[PDB]
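Below is one structure, written out as structure tokens; comments come after it.
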Amino acid sequence: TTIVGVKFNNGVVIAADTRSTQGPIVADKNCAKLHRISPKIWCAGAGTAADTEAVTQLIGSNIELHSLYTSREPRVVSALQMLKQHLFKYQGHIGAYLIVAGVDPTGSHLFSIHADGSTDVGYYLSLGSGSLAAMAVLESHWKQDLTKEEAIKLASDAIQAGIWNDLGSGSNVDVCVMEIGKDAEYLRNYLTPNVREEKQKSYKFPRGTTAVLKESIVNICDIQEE
Amino acid sequence: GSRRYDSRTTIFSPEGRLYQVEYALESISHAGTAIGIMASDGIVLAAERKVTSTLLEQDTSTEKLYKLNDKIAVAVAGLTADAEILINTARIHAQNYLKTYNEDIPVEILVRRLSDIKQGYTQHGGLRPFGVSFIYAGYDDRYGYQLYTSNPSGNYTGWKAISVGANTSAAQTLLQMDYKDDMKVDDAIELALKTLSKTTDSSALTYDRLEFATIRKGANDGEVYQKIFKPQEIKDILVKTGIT
Amino acid sequence: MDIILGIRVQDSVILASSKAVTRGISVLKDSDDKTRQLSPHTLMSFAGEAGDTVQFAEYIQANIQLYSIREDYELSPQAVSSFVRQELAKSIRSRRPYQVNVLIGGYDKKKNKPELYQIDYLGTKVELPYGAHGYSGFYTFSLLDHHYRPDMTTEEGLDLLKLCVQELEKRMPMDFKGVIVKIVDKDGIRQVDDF
Amino acid sequence: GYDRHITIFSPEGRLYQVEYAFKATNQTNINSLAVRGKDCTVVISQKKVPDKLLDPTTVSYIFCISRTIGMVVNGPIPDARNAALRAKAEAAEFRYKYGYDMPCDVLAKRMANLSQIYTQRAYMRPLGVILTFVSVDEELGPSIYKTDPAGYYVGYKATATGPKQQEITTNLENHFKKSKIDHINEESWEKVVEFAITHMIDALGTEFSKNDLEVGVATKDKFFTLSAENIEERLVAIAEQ
Amino acid sequence: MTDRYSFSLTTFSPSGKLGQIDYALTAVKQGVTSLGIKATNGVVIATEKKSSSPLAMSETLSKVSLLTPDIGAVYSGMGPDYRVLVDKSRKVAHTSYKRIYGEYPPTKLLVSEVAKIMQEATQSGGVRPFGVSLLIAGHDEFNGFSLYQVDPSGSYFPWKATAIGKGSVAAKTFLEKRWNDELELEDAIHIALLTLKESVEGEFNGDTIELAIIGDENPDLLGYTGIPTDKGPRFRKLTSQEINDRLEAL
Amino acid sequence: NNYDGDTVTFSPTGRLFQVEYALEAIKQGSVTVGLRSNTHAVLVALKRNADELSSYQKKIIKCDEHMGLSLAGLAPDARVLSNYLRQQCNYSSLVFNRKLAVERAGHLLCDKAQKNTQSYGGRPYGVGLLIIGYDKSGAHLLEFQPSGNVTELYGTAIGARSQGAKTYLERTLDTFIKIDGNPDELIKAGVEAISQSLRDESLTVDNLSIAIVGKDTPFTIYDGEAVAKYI
Amino acid sequence: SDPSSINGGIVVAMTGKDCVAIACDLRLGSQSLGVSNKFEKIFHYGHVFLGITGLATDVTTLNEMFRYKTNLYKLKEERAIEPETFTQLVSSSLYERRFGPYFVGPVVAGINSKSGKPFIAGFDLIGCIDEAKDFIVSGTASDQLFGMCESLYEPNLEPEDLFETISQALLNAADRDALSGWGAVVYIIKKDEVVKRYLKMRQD
Amino acid sequence: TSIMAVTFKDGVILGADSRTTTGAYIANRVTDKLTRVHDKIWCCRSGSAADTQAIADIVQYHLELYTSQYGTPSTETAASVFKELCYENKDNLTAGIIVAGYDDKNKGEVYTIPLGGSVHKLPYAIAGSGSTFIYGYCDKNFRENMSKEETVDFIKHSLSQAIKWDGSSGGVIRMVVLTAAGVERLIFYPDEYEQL
Amino acid sequence: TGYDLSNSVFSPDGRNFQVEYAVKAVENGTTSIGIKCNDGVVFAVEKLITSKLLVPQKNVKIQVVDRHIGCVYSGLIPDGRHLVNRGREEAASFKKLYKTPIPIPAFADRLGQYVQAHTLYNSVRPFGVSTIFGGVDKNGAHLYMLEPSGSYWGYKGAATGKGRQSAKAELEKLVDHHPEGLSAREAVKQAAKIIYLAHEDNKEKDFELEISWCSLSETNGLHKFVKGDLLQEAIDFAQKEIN
Ligand SMILES: [Mg+2]
């Protein structure tokens, strides 16, 4: 997995590749690693996929209830604190490595969080197996006062480094943009640089090819009237 | 301390009755009448809603008849909320039995456990009993079609035909008169309605003041179908038996 | 405990179970009955870790005898085998799991059919025409795969079993001191007292 | 009538223990008042030291709950301190869990929910207190939220509590009918304190020395209470106008 | 300490009444009038913001509450009892549904849950019943729009339209005259506003009236874009201004 | 009257009736006397029988080698309280290798009895105790009442007609306080004191119970023939 | 000793035009020993289909569990559970055993009865959802199944074409796995008929 | 980590490097290891980032609640709360923390809490992997009652050497000044301190 | 009515009669006082000599908490001890976590909240004592008095028990006629006087005087009992003032 987060002028952007692997095998070619915690707080997850999904939804649920209770729009530091205290308690066994970002009444924020519950702050971050490929690009092209367009470009360039150079990452680039005073725009499959080429042959079979012993209509209906 | 305010819900009167059970039964006697009739080829459940308003949504409504599993249903007379607590317990017990033995729960076993729960509230814990009497209509492959009732005491008994709620004395007499053992479902449907027609405290019996259900062999071969009547179907069966 | 076999013929289920009990270096007994009657038409044989086998078998027996009294009714073999599977599946994630494998042979009086169920200590259940636990199947399944017919008589089943036990006596390293054979049919459970 | 002794319904659907707790609220015979400026929230309360043996400095019904939130209580001191300690514990826990300072209105809701429970659960009695919470909230600005033994709470433009609350209330209502705004249009909190004291004098028809009052002020990022001499400086300025 | 009230505080009297439930219903009767009307393409729930003092800021007190993005609730009776039920109702929508099925509960089932909580306060040890009746309006894919009333006993009923509290008997009669199965949502709002004027003494405007709808999906209220199947909340609280625009059209 | 149903209720005059009723059980109890010099402390107790076929209820209990008490009132309550003392004496020995001071034993007894006077469902203890012991600061006599009040004295008495013995001791004070180095004289004086509380009856061989503890004497009980010397 | 490959077996599912297909082998073994040739791994709750590979006791247990939960769901909701919802219930249920999991690889297949959309999904033993347009694979021959599906699959196949494709993908994958085979079943699922076909295959 | 805290005439200064490490990979090169638990009670963190953050967050909570009830806590009190956490959880923590604060009665104070959870009040303290290389230097160059500038120089030079030799340390040198005059943050970049 | 039969019940006035009944037991007890001085506090109490048999000096009533706090109380003595035991647990746990000894104002609230807790439930009875306590902390001297309601304040001087009005009057005089301060040794003497003067209301039996003090200068901020020479000196001072 490759995930990044980049701050810009008036907000924050996160991106991620779309490959999930079982050892050397690609289980899903178009995985969604960008998670919504609240409308304007999204986080990218690397590590154990079930853990990143589960911990993201639990905290998301509790954040929603908190927002309703306080009559306030949720803040990123709350999602951060809730995530880290949960993860720390499980001493790393919940394998969720997250880049947490969003906008709230306080401003725009970017954090990352390791599975053991240690957190950090920055203008640009990366996590996952492709984090070194990504970080090399971030350390090469990042500057102060990025515009929205510059940050999207930098973020997806860093995901591409991971896609091309890391065997743990591949397929497509997802992006989410969180700008102050605007709706978050989740850009699913922002890039598509890995369409499979056309096959040499069609493997559609002549009907009747397969040997059959028995057929039966399976009854999916409930018990019938009359 | 707190003893001062304790009603003591689980004590005997000097006559040896359980005060709270008797008073709960008293509450139940003001509830909409529910009738169950058992036939050779099926079971009928009919029950009267408590006096409705024209603005009540009837088609999306359930107050009296509840599905316990695919082969067992109940008619309720008493506090609806109390009954739902017990209904969900019963639904869960049915599934535990199915999970454990990979066979649908025999009707009596489900009835006994619910009755046993009610009983507990009369002997320990200092809580008020459930203000509910049930009519259980169900089928299993040991005893076939079965009717039971249970009340807040936790006592249950089996029936060919029975009523609970308001005017049971009147209704039981009318059932005792016209019920015969070789009776069929379509006859039983008619008897159930005819009885409510005569025992109701309302001016007349309309579709919108009723819930109705049948359990029939009426499916394709050795199996059983539960039919909770839609408002239209009750209106049709009311016309068809010439009550409107 | 070592070898336990089951075969389901036309109208009955036959269970054969080794008689030896070995405490490491010595054979302590050569007449051990590795079976418990669960109900008049259901028999369960067992093999696995010492102590746990009998403890489990008797526990199941008590539960089924309790059920029989409460409902005044005999549970079907399928129902009994499902209860037993659940208890083992329960146990496999316990603090200390039952290491017990069982064969349940019953005659279903409702469907008038003999039924044989194979369940290992993990709670892995399977209905079979014939079955075994441990190494027993390795020696005997090729004979049963050859000779077995769904319409065999009880005596044809016993002859096929006789052959199975002879292969075991030829090729197994352990002396298991013969087998006790029991038949489960419409009239209940009886023991073949000569084998 | 045991429906009088615990929090169960009377036949008219009332909770007498809640009502009688409201009566304990006035047992101290103190009146309090809160108003909002542009930048601040001021709360003033009468201070009465009858015994010459008391240490006057230890006599207070104003509490610093957090850096930002202040709380004045109308009711007996033991229930007041019970409520104060809890609110302090609740505000600190909130900060630790959610990573920002507990808002005035949220703390008020939380204490209101705790009070509600005592109206529903038999073994817990209601507290004989009314809690007025003040702050300059980072999202909502100057804030007054008040709690009572029924578990009710609401935000206020300004408010008063105590035996003579009605006189003070109407005095304040009449001012806002005139000025037509939500707050005291005043720059410095010093002048908002002066407004508060002035309008308490008019409504109560009583004159105050420096030891007859007790003042709390909330600004952005701190709530503080004034000393005798800060109040004296305030009284003097009022007299010269 | 410890709660040593482990016995029921609600019990059957010799006549079979459950005293505390009746007394709780009485507390509801004293309560301010609130109502709900079901249209073909929406539901509206409404009530009076009876402000205690004019120094109180009554928009800080929410009588109409979002439970889920497609479910709203209003009450008549004791406000504090309502506030905690809403807290519990919101949480139970998550714990016993959304955390399991990955979607919000349908109106009837969330109501079923709120009802359960209220039933338990009617039988559990050391508690009194809740002194409120709720009207819960909502939408879900397989049942469409619905409106439910929930009483202190825990009983709940589906309504085409109803009212509860102070002027409920008169209001229900008003609604019987005007309700039909062909009302569009704007018509139901108009009727709700007419019905509510009857039971309101003093000022009657967008600042003394609280009113919300369960209607169309509001993608502008979602807060993000880019998931085609997330189309936004159907619950919407009408603004003070929105209400007043409909009071001249009255 | 309306305020005596349980221990958790005060009367309008500020009294605790359940505690006062517990105090009454002591007064119906048989008389017992305690007194001390600077070297020894003595308990004397009149044992009551049920009738002429019965034994005479034992009134003195040993708590440690250097401590013990006599009881007046509900006997099972004395057994519970004396057992608690046996443990506290024991814990002090096992953990600190220290013999428990009589003063501490009093404080612990006060605090145990007190908890039963402030909580629902409990009842006060229905027994009074005279605790003697010899520790690092010499001889001690304590009077325990189930209200929780523990008092250190030179001498005292509790039970039916204990008032007689109490004044005798109030007179004898300057005499018996001086009886250092003579055990048998201190007992003699205690037996004389308890005799102010007799009427209709007098001291017999199976009527009388004496206990003594002191400088070079373990707490030991004398019953039966071993008290004839003092009759 | 590795629980997910003690008993053996495979499941594959595919989408076509207004239909889905789910298929499984019938083998159950204790490692090298074949034990049963009739251990079906596909179950259904109303119109939602669930295949489960892995440790057989957990396969049985989970079927029994989802039958339990979908039955109660139906009674309360007054309607049959949809594939999207069931998928979430499967995920929830597995993750609830995060640190002592069921050793399984479940696969969900069905058509949404309201929208008509065909739906498949796969899970790891710990609840992670793989919602693929094309196909889902599971079991001891999952590598082989990925190989077959990746070349054999094309989108929008008609039910009886999809049948050939999924059958061939299963059969040839099973024949390169020691622990799969001994029979096979294919379910072809359309909005209102479901056809179940048993395949003829080698029995070694 | 290279961290230190030094008492001087007007109070105390805390100093740290900015490197966070997962093996040889620098996970963060601009980390803030100087953390605030009260207005004028701060700490330097070394060891597990997860552990030291969790500890500091808890301590901040305790001291906020302390303040609400009893007013401003002493630096000694803050150190004791840290110690309680570190000592009672010694088996599950990897945390070496220096606690530094400024009272008005007590002036500048420094308490070091090593791995076992013992407490040691010192005139100055050094810790982290980088500290080993500057025991010699710091012992030779520390005097009591230095000026603000001398103390800033001492820390700058000391941590410069620690960074020079310890690969685990690096980045910028952060400092936090604690006096009666308030709270001052300082930062020194590679090109300044490397050439020293 | 019936409102006074159960603790934690509000009467229709808004009062808790059971707490008020507890006060009656306090008023029924022996007199006890506290005087705040320049750098410390002094505590004194009247001990009724019920009998000649009471070993003098040996039924000590004043109690220490930690090393710097003194507590005295009038009313039900066991209730007072129970409260002091809790006070000692509260002080130990404060010291344990925070290192510094518990400040006096902080200590007062610990007792305050605990006593107030016994007015929240019908399953407990309120405390049958008023407790005078205090000492020297890092911020100087503090004297407190705490009622059965849980109400407490800081005092210049305080008294409670049967002779409380007599003592209150005497305390007000010192406050007026020493408005710039009272020394520790002065306070010890005055305490003796006031207890002797307040003994009029308990005159059937004669009594034993008991004094303690914490003073920054005279006891190093630690709590000590006044024994022997300093005690005898103050006994004399008081005996001269009644004639
Ligand atoms: Mg093979």
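Chains as they are written, first to last, in PDB author numbering: chain V, 1 to 226; chain P, 1 to 244; chain X, 1 to 195; chain U, 2 to 242; chain O, 1 to 250; chain S, 3 to 233; chain W, 1 to 204; chain b, 1 to 196; chain T, 2 to 244. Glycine residues also receive a C-beta, built at the ideal position from the N, C-alpha and C atoms.
Name the residue from 68(b), 114(b), 64(b) whose alpha carbon lies nearest to the alpha carbon of residue 85(b). 114(b)
Presumed contact (8 Å Cβ cut-off) between residue 13(S) and residue 22(T), rounded CB distance: 7 Å
On the DSSP letters alone, give me the boundaries of the beta strand (DSSP E) that residue 38(T) sits inside. 33–38
Could you name the residues of chain V that residue 227(O) contacts, counting a contact when the two beta carbons are closer than 9 Å? 36, 186, 188
Secondary structure, alpha helix (DSSP H): runs of 4+ residues fully inside the region 48–125 of chain b: 49–70, 75–88
Span of the alpha helix (DSSP H) around residue 111(V): Counting along the chain, residue 111(V) falls outside any alpha helix (DSSP H), though it belongs to the beta strand (DSSP E) covering 107–113.
Where does residue 82(T) fall in DSSP's three states? If DSSP states are grouped into helix, strand and coil, residue 82(T) belongs with the helices.
Mapping DSSP to helix, strand and coil, what is residue 38(b)? Here residue 38(b) carries a strand assignment [DSSP, helix/strand/coil].
For residue 214(T), does the count of other Cβ atoms within 10 angstroms reach 16, so buried, or fall short, so exposed? Buried: at least 16 other Cβ atoms inside 10 Å.
Any idea what DSSP makes of residue 30(U), helix, strand or coil? coil
Which partner residues does residue 64(T) have in the DSSP bridge list? In the DSSP output, where bridge partners are listed per residue, residue 64(T) has 72(T).
Inter-stretch contact at 8 Å, needing at least 3 Cβ pairs: the region 91–99 of chain S / the region 115–129 of chain S: no
Excluding the 5 residues preceding and the 5 following residue 96(U) in the sequence, name in chain order all residues of the same chain whose CB lies nearer than 7 Å to its CB. 102, 103
Which residue from 201(V), 172(V), 210(V), 215(V) puts its Cα closest to that of residue 2(V)? 172(V)
Any beta carbon of chain P sitting closer than 7 Å to that of residue 7(O)? yes
Taking contact to mean 3 or more Cβ pairs, one atom from each stretch, closer than 8 Å, check whether the region 78–90 of chain U and the region 114–133 of chain U are in contact. Contact annotation: the region 78–90 of chain U touches the region 114–133 of chain U, with at least three C-beta pairs closer than 8 Å.
Going by alpha carbons, who is nearest to residue 110(X) out of 74(X), 165(X), 33(X)? 74(X)
Spatially closest choice to residue 152(b) from 77(b), 89(b), 15(b), 116(b), by CA coordinates: Nearest of 77(b), 89(b), 15(b), 116(b) to residue 152(b), Cα basis: 15(b).
Within 7 Å, strictly: CB atoms of residue 184(X) and residue 5(X): No, Cβ-Cβ distance for residue 184(X) and residue 5(X) is not below 7 Å.
If you compare alpha carbons, which of 114(P), 41(P), 121(P) is closest to residue 20(P)? The candidate whose alpha carbon is nearest that of residue 20(P) is 121(P).
Hey, how far is the Cα of residue 25(V) from the Cα of residue 31(V)? 14 Å
Give me the Cα-Cα distance between residue 23(W) and residue 53(W), rounded to the nearest whole angstrom. 11 Å
Delimiting residues of the alpha helix (DSSP H) encompassing residue 165(S): 164–178
So which residues on chain S does residue 125(T) lean against when the C-beta distance must stay under 8 Å? 10, 120, 121, 122
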